Amino acid sequence: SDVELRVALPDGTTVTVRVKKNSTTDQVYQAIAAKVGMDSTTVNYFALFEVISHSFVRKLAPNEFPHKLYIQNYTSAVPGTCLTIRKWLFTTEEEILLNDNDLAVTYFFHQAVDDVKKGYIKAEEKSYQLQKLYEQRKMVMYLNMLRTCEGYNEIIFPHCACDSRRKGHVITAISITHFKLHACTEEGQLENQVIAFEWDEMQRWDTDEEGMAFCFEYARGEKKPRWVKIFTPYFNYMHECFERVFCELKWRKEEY
Amino acid sequence: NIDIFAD
């Protein structure tokens with residue numbers, strides 16, 4: 001059985017693929033990678049996601065069926081589709097290496113632009129300088145500069161409950177440089193407390209399918225390893241993030 | 001549980 005699937009690309013356009021009905025996510029990602037002409041090395045820098053909200057998209061696990069997701073969320077209105085192609089990458093140096101790949105630059109650029117609009121990348125203090133490079137479509141110079149801002153290549157999650165926060169929520173923020181928990185209120189308004197967890201402090205980590213929680217165990221300073229639970233509905237995505245970070249740290253090819 | 005934001 002063949003079915004069509006619509007998927008959004010970082011530039012706001014959509015692409016349609018004719019794909020087997022029970023395809024898994026990687027299979028659909030490979031069909032999409034081919035129709036837009038990603039090369040053998042670009043294909044490893046992007047992955048399939050599901051739009052959850054205006055401010056959050058979630059990575060599809062390997063064992064999902066994108067067509068099921070697509071129909072579940074389909075209507076005749078919509079800006080288009082709930083499936084989207086987004087960068088999957090934590091170390092910005094492997095990005096710099098692709099600066100002479102027009103496809104990847106274009107995708108990196110349009111996503112970075114939209115993550116600026118959304119507040120993910122904190123470019124405020126050079127906003128005008130960045131604006132000027134955007135207007136002239138000097139894409140690589142915009143990116144080489146935006147890549148120095150706070151929040152570049154950081155995955156921010158919706159606020160939720162944490163078993164080591166008696167009242168209030170956390171917003172978890174994940175990057176190659178560390179694991180941050182931001183204290184926010186009940187409704188998600190930021191307090192002003194925050195905790196940076198070094199990745200080498202991360203001892204082990206799990207999910208809890210039934211409690212719907214991600215779990216991580218850290219040894220910091222000198223105390224004895226302690227468990228923290230985050231009651232996020234996206235525990236699998238957050239688990240994929242830990243695995244991906246440790247993977248990228250093992251293969252970090254630069255001292256800076 | 002002990003609160004990690006205890007300061």
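All values below come from the heavy atoms of this structure, side chains included, with hydrogens, waters and symmetry mates left out. Chain identifiers are assigned alphabetically (A, B, ...) following the order of the sequence lines, protein sequences preceding nucleic acid strands; residue numbering begins at 1 within each chain.
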task = Answer yes or no: is there a side-chain heavy-atom contact under 4.5 Å between A:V113 and A:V116?
result = no
inquiry  = Check for me whether A:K87 meets the cation-pi criterion with A:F108, that is, NZ or CZ under 6.0 Å from the six-membered ring centre and within 45 degrees of the ring axis.
reply    = yes
inquiry  = Under 6.0 Å from the ring centre and within 45 degrees of the ring axis: does the NZ or CZ of A:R220 meet both conditions for the six-membered ring of A:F197?
reply    = yes
remark   = Rounded to the nearest 0.5 Å, the NZ atom of A:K229 sits from the CG atom of A:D208 at a distance of 5.5 Å
ask   = Does a donor on one side chain and an acceptor on the other come within less than 3.5 Å for A:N236 and A:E240?
value = no
query = Between A:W205 and A:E243, is any side-chain donor less than 3.5 angstrom from a side-chain acceptor?
reply = yes
ask   = On the ring face of A:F242, is A:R244 found with NZ or CZ under 6.0 Å from the centre and within 45° of the axis?
value = no
remark   = Rounding to 0.5 Å, atoms NZ (A:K180) and CD1 (A:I174) come to a distance of 12.5 Å
inquiry  = Quick one: does any side-chain atom of A:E154 pair with a main-chain N or O of A:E150 as donor and acceptor, under 3.5 Å?
reply    = no
Note: A:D2-A:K21 ion pair, threshold 4.0 Å (strictly below) = no
request  = Give a yes or no answer on whether the side chain of A:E50 reaches the backbone of A:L69 with a donor-acceptor pair at less than 3.5 Å.
outcome  = no
request  = Please determine, by modelled atom types, if A:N153 and A:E95 share a side-chain donor-acceptor pair under 3.5 angstrom.
outcome  = yes
query = Under 6.0 Å between the ring centres of A:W199 and A:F246?
reply = yes
key: A:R58 to A:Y237 six-membered ring, cation-pi geometry met (6.0 Å, 45°)   = no
ask   = Side chain of A:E135, backbone of A:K132: donor and acceptor closer than 3.5 Å?
value = no
key: Option passing side chain to side chain donor-acceptor pair (under 3.5 Å) with A:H169 (candidates A:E191, A:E186, A:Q189, A:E187)   = A:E186
key: side-chain contact (heavy atoms from CB on, under 4.5 Å) evaluation trace for A:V57 with A:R86   = CA-CA 9 Å; A:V57 308; A:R86 273 173 74 87; 3.4 Å; yes
ask   = Rounded to the nearest 0.5 Å, how far apart are CG of A:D163 and CD1 of A:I230?
value = 9.0 Å
query = Is it true that A:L60 and A:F235 fall in one hydrophobic cluster, defined by side-chain heavy atoms closer than 4.5 Å?
reply = no
request  = State, yes or no, whether a side-chain contact exists between A:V36 and A:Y107 at a heavy-atom distance under 4.5 Å.
outcome  = yes
task = In sequence, state the C-alpha distance, the side-chain angles, and the governing distance for A:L103 and A:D39, and then conclude on side-chain contact (heavy atoms from CB on, under 4.5 Å).
result = CA-CA 9 Å; A:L103 190 286; A:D39 65 24; over 6 Å; no
query = Can you name the closest pair of heavy atoms from A:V17 and A:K35 and give their distance?
reply = CG1-CE, 3.7 Å
ask   = Between A:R6 and A:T14, is any side-chain donor less than 3.5 angstrom from a side-chain acceptor?
value = yes
query = So, do A:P10 and A:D114 sit near enough that their side-chain heavy atoms are less than 4.5 Å apart?
reply = no
query = Minimum heavy-atom separation for A:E64 to A:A61, with atom names?
reply = OE2-N, 2.7 Å
query = Is the shortest heavy-atom distance from the side chain of A:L89 to the side chain of A:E248 under 4.5 Å?
reply = yes
request  = Measure across A:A123 and A:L146 and return the closest heavy-atom pair with its distance rounded to 0.1 Å.
outcome  = CB-CD1, 3.9 Å
request  = Please round to the nearest 0.5 Å and tell me the distance separating atom OH of A:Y218 and atom NZ of A:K223.
outcome  = 9.5 Å
ask   = Would A:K118 and A:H54 satisfy side-chain contact (heavy atoms from CB on, under 4.5 Å), going step by step from the backbone distance to the final call?
value = CA-CA 9 Å; A:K118 254 145 197 206; A:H54 163 82; 3.7 Å; yes
ask   = How about A:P62 and A:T24: do any of their side-chain heavy atoms sit closer than 4.5 Å?
value = no
key: Residues, nucleotides or ligands: over 12 heavy atoms within 6.0 Å of A:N44 CG   = yes
task = Could you state whether A:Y74 and A:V28 fall into the same hydrophobic cluster, counting links through intermediate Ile, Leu, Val, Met, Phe, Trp or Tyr residues with side-chain heavy atoms under 4.5 angstrom apart?
result = yes
inquiry  = Among A:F56, A:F214, A:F231, exactly one meets ring-ring contact (aromatic ring centres under 6.0 Å, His included) together with A:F157. Which residue is that?
reply    = A:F56
task = Side-chain contact test, heavy atoms from C-beta onward, threshold under 4.5 Å: evaluate it for A:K138 versus A:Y142 and give yes or no.
result = no
key: Donor-acceptor side-chain pairing of A:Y134 and A:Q129 below 3.5 angstrom   = no
message = I need the A:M238 CE to A:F216 CZ distance, nearest 0.5 Å.
response = 9.5 Å
request  = Could you tell me which non-hydrogen atom of A:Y70 sits nearest to which non-hydrogen atom of A:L5, and how far apart they are?
outcome  = CD2-CD2, 3.4 Å
key: For A:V170, the option from A:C162, A:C184, A:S164 that meets side-chain contact (heavy atoms from CB on, under 4.5 Å)   = A:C162
ask   = What pair of heavy atoms forms the shortest contact from A:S23 to A:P66, and how long is it?
value = O-CD, 3.4 Å
ask   = Just one of A:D100, A:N101, A:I96 clears the side-chain contact (heavy atoms from CB on, under 4.5 Å) bar with A:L98, so which one?
value = A:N101
ask   = OG1 of A:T172 to NE2 of A:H159: how many Å apart, nearest 0.5 Å?
value = 12.0 Å
salt_bridge(A:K122, A:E125) N-O dist < 4.0 Å = no
ask   = So which heavy atom on A:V51 is nearest to which on A:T84, and how close?
value = CG2-CG2, 4.2 Å
inquiry  = Do A:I52 and A:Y234 have side chains that approach each other closer than 4.5 Å (heavy atoms only, starting at C-beta)?
reply    = yes
request  = Determine, for A:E217 against A:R226, whether the closest basic-nitrogen to carboxylate-oxygen distance falls under 4.0 angstrom.
outcome  = no
message = Donor-acceptor pair, distance only, cut-off 3.5 Å: does the side chain of A:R166 make one with the backbone of B:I2?
response = no
key: A:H67 vs A:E4 side-chain heavy atoms within contact, under 4.5 Å   = no
query = A:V43 and A:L83: same hydrophobic cluster, using ILVMFWY side-chain contacts below 4.5 Å?
reply = yes
inquiry  = With clusters defined by side-chain heavy atoms of hydrophobic residues (ILVMFWY) lying less than 4.5 Å apart, directly or transitively, does A:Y120 cluster with A:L181?
reply    = no
message = Show, in sequence, the C-alpha distance, side-chain angles and deciding distance for A:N22 and A:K20, and conclude whether the side-chain contact (heavy atoms from CB on, under 4.5 Å) test is met.
response = CA-CA 6 Å; A:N22 61 347; A:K20 241 50 86 185; 4.2 Å; yes
task = For this output row, return yes or no: ring centroids of A:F46 and A:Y29 closer than 6.0 angstrom.
result = no
ask   = Are A:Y152 and A:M145 linked, directly or through other ILVMFWY residues, by side chains that come within less than 4.5 angstrom of each other?
value = yes
